[PDB]
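Structure first, then comments.
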Amino acid sequence: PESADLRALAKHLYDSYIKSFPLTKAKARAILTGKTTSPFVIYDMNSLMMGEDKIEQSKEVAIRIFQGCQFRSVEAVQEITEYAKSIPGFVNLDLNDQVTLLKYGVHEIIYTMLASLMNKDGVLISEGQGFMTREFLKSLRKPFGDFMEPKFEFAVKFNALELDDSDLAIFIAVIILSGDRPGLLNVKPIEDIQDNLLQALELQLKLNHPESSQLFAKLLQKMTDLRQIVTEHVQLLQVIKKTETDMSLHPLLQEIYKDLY
Amino acid sequence: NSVXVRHXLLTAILXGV
């Protein structure tokens, strides 16, 4: 009885994802595979300088790149929040819980969506107008040369699952509606929404990837993996916090990170 | 609410229409 409604839920989520996220995975992969009829490639210091206007004061390069990643993350947080608000039931949750879910969920979604922009050799930046090589990012002085490499490692494995935007819309919704975040006041309505989202995700994967038998189980495991990526990311931010003193942190990120893990 | 009070900016984004 619920299958037709689970498809309407899937469609609603896809439509909402298209409204929320300017650069989709479909569009990103067309750029990455060279099948549009343009991105400026940044692969060393000279190309970085040249490309800066296609994509801060006079801080060192590693810090300026890190600052840029911060403003992009802030924009992503806003897009993700708009998307969360279109998940049926989410705006009716206690506002404290909406904040908690985003606080602890938005980095897992950022890494998910970053994989759509990545291949094994680099990452699209500035809504697809630039492409920064993985080797270039690895060449930055420590510890900045290490920030992105776990995300690339994650992305290559995750992209091998060949999810599309419709699949990702539901996957991201499931992660946001996690009833085990610390400090949630009312877990039951969250788990009730997430159970429906999980059924919608299983049906979506069986219909859209009928040859891929245990794809649902593989995605559940990717949810666990994302939590470890975000743990490793906070650890690195601690190393930075100490060693590096030229580090302003955008207020929105300050708010998210405060008492985060 | 204690989370609400500690997250002024996330609250504003959530409230927005």
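A note on labels: chains of the structure tokens are A, B, ... as shown, every chain counts residues from 1, and ligands are counted from 1 in their shown order.
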Got a sec to pull out which chain A residues are within 9 Å of chain B, counting only C-alpha atoms, and send them as a PDB file with N, CA, C and O atoms, in the first residue's frame?
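After the write, selection24.pdb holds the following:
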```pdb
ATOM      1  N   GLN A  78      23.845  26.698   3.906  1.00  0.00           N
ATOM      2  CA  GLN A  78      22.582  27.354   3.613  1.00  0.00           C
ATOM      3  C   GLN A  78      21.732  26.577   2.606  1.00  0.00           C
ATOM      4  O   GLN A  78      20.514  26.440   2.782  1.00  0.00           O
ATOM      5  N   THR A  81      20.351  23.501   4.377  1.00  0.00           N
ATOM      6  CA  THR A  81      19.276  23.861   5.304  1.00  0.00           C
ATOM      7  C   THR A  81      17.987  24.086   4.520  1.00  0.00           C
ATOM      8  O   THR A  81      16.937  23.611   4.929  1.00  0.00           O
ATOM      9  N   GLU A  82      18.044  24.747   3.356  1.00  0.00           N
ATOM     10  CA  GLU A  82      16.873  24.912   2.525  1.00  0.00           C
ATOM     11  C   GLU A  82      16.303  23.553   2.093  1.00  0.00           C
ATOM     12  O   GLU A  82      15.097  23.330   2.103  1.00  0.00           O
ATOM     13  N   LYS A  85      14.531  21.736   4.992  1.00  0.00           N
ATOM     14  CA  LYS A  85      13.208  22.292   5.242  1.00  0.00           C
ATOM     15  C   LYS A  85      12.141  21.789   4.278  1.00  0.00           C
ATOM     16  O   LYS A  85      10.943  21.948   4.522  1.00  0.00           O
ATOM     17  N   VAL A  91      10.111  20.698   9.243  1.00  0.00           N
ATOM     18  CA  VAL A  91       9.847  22.026   9.807  1.00  0.00           C
ATOM     19  C   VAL A  91       8.902  21.951  10.995  1.00  0.00           C
ATOM     20  O   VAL A  91       8.833  22.912  11.738  1.00  0.00           O
ATOM     21  N   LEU A  95      12.275  23.231  17.062  1.00  0.00           N
ATOM     22  CA  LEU A  95      13.329  23.982  16.413  1.00  0.00           C
ATOM     23  C   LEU A  95      14.696  23.647  16.982  1.00  0.00           C
ATOM     24  O   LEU A  95      15.708  23.709  16.254  1.00  0.00           O
ATOM     25  N   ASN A  96      14.769  23.320  18.298  1.00  0.00           N
ATOM     26  CA  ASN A  96      16.015  22.883  18.883  1.00  0.00           C
ATOM     27  C   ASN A  96      16.524  21.647  18.153  1.00  0.00           C
ATOM     28  O   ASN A  96      17.715  21.508  17.880  1.00  0.00           O
ATOM     29  N   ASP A  97      15.612  20.728  17.841  1.00  0.00           N
ATOM     30  CA  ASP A  97      16.014  19.502  17.150  1.00  0.00           C
ATOM     31  C   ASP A  97      16.397  19.747  15.692  1.00  0.00           C
ATOM     32  O   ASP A  97      17.290  19.069  15.198  1.00  0.00           O
ATOM     33  N   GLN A  98      15.692  20.645  14.995  1.00  0.00           N
ATOM     34  CA  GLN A  98      16.104  21.018  13.642  1.00  0.00           C
ATOM     35  C   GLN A  98      17.550  21.524  13.684  1.00  0.00           C
ATOM     36  O   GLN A  98      18.382  21.131  12.827  1.00  0.00           O
ATOM     37  N   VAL A  99      17.883  22.378  14.656  1.00  0.00           N
ATOM     38  CA  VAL A  99      19.245  22.879  14.756  1.00  0.00           C
ATOM     39  C   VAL A  99      20.231  21.759  15.044  1.00  0.00           C
ATOM     40  O   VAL A  99      21.287  21.669  14.406  1.00  0.00           O
ATOM     41  N   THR A 100      19.915  20.880  16.002  1.00  0.00           N
ATOM     42  CA  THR A 100      20.794  19.770  16.326  1.00  0.00           C
ATOM     43  C   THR A 100      21.060  18.861  15.117  1.00  0.00           C
ATOM     44  O   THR A 100      22.193  18.448  14.835  1.00  0.00           O
ATOM     45  N   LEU A 102      20.951  19.624  11.941  1.00  0.00           N
ATOM     46  CA  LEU A 102      21.826  20.288  10.977  1.00  0.00           C
ATOM     47  C   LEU A 102      23.241  20.403  11.522  1.00  0.00           C
ATOM     48  O   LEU A 102      24.236  20.197  10.793  1.00  0.00           O
ATOM     49  N   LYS A 103      23.376  20.778  12.787  1.00  0.00           N
ATOM     50  CA  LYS A 103      24.676  20.960  13.410  1.00  0.00           C
ATOM     51  C   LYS A 103      25.548  19.730  13.224  1.00  0.00           C
ATOM     52  O   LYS A 103      26.727  19.821  12.848  1.00  0.00           O
ATOM     53  N   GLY A 183      21.757  15.305  22.141  1.00  0.00           N
ATOM     54  CA  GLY A 183      20.982  16.425  22.595  1.00  0.00           C
ATOM     55  C   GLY A 183      19.606  16.548  21.952  1.00  0.00           C
ATOM     56  O   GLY A 183      18.919  17.529  22.240  1.00  0.00           O
ATOM     57  N   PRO A 251      31.675  33.041  11.318  1.00  0.00           N
ATOM     58  CA  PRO A 251      30.737  32.881  12.428  1.00  0.00           C
ATOM     59  C   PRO A 251      29.805  31.679  12.332  1.00  0.00           C
ATOM     60  O   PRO A 251      29.422  31.165  13.366  1.00  0.00           O
ATOM     61  N   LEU A 252      29.332  31.359  11.124  1.00  0.00           N
ATOM     62  CA  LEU A 252      28.396  30.254  11.004  1.00  0.00           C
ATOM     63  C   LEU A 252      29.131  28.959  11.354  1.00  0.00           C
ATOM     64  O   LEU A 252      28.534  28.071  11.968  1.00  0.00           O
ATOM     65  N   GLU A 255      29.741  28.609  15.032  1.00  0.00           N
ATOM     66  CA  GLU A 255      28.550  28.180  15.702  1.00  0.00           C
ATOM     67  C   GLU A 255      28.369  26.666  15.574  1.00  0.00           C
ATOM     68  O   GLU A 255      27.991  25.990  16.521  1.00  0.00           O
ATOM     69  N   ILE A 256      28.576  26.144  14.367  1.00  0.00           N
ATOM     70  CA  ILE A 256      28.423  24.716  14.128  1.00  0.00           C
ATOM     71  C   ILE A 256      29.456  23.936  14.936  1.00  0.00           C
ATOM     72  O   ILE A 256      29.117  22.939  15.544  1.00  0.00           O
ATOM     73  N   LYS A 258      31.161  24.729  17.615  1.00  0.00           N
ATOM     74  CA  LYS A 258      31.198  24.949  19.056  1.00  0.00           C
ATOM     75  C   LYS A 258      30.444  23.809  19.743  1.00  0.00           C
ATOM     76  O   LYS A 258      29.292  23.568  19.445  1.00  0.00           O
TER      77      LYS A 258
END
```
Hey, what does DSSP flag as alpha helix (DSSP H) within chain B? Can you give it to me as a PyMOL selection string?
chain B and resi 2-6+8-15
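Taking segment 53-187 of chain A and asking which residues DSSP calls strand (DSSP E or B) on the backbone, you get residues 118, 119, 122, 123, 124, 125, 130, 131, 132 and 133 of chain A.
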Quick one: residues within 10 Å of residue 246 of chain A, only C-alpha atoms, excluding same-chain residues fewer than 4 positions away - as a list in words?
residues 59, 60, 63, 240 and 241 of chain A
Just the selected residues (N, CA and C atoms), exported as a tab-separated table (two decimals), in the first residue's frame, please.
```
chain	number	residue	atom	x	y	z
A	59	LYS	N	47.67	36.71	3.05
A	59	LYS	CA	48.02	35.52	3.81
A	59	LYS	C	48.65	34.50	2.87
A	60	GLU	N	49.38	33.54	3.44
A	60	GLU	CA	50.00	32.51	2.64
A	60	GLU	C	48.93	31.69	1.93
A	63	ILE	N	46.51	29.06	3.52
A	63	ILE	CA	45.48	29.66	4.34
A	63	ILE	C	44.39	30.29	3.46
A	240	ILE	N	45.27	22.32	13.49
A	240	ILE	CA	45.29	23.65	12.92
A	240	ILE	C	45.07	24.70	14.02
A	241	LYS	N	43.95	24.59	14.74
A	241	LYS	CA	43.59	25.56	15.78
A	241	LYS	C	44.81	25.97	16.61
```
Write out as a ChimeraX atom specification each polymer residue whose atoms come within 10 Å of residue 163 of chain A, counting only C-alpha atoms; drop sequence neighbours fewer than 4 positions from it.
/A:25,116,158-159,167-168,171,205,208-209,215,219
Give me the residues within 10 Å of residue 113 of chain A as a ChimeraX atom specification, counting only C-alpha atoms and dropping any in the same chain fewer than 5 places off.
/A:21,23-25,76,80,107-108,118,155,165,168,172
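In this structure, atom CA of residue 200 of chain A sits 16.9 Å away from atom CA of residue 83 of chain A.
With atom CA of residue 177 of chain A on one side and atom CA of residue 157 of chain A on the other, the separation reads 23.8 Å.
In this structure, atom CA of residue 180 of chain A sits 10.0 Å away from atom CA of residue 104 of chain A.
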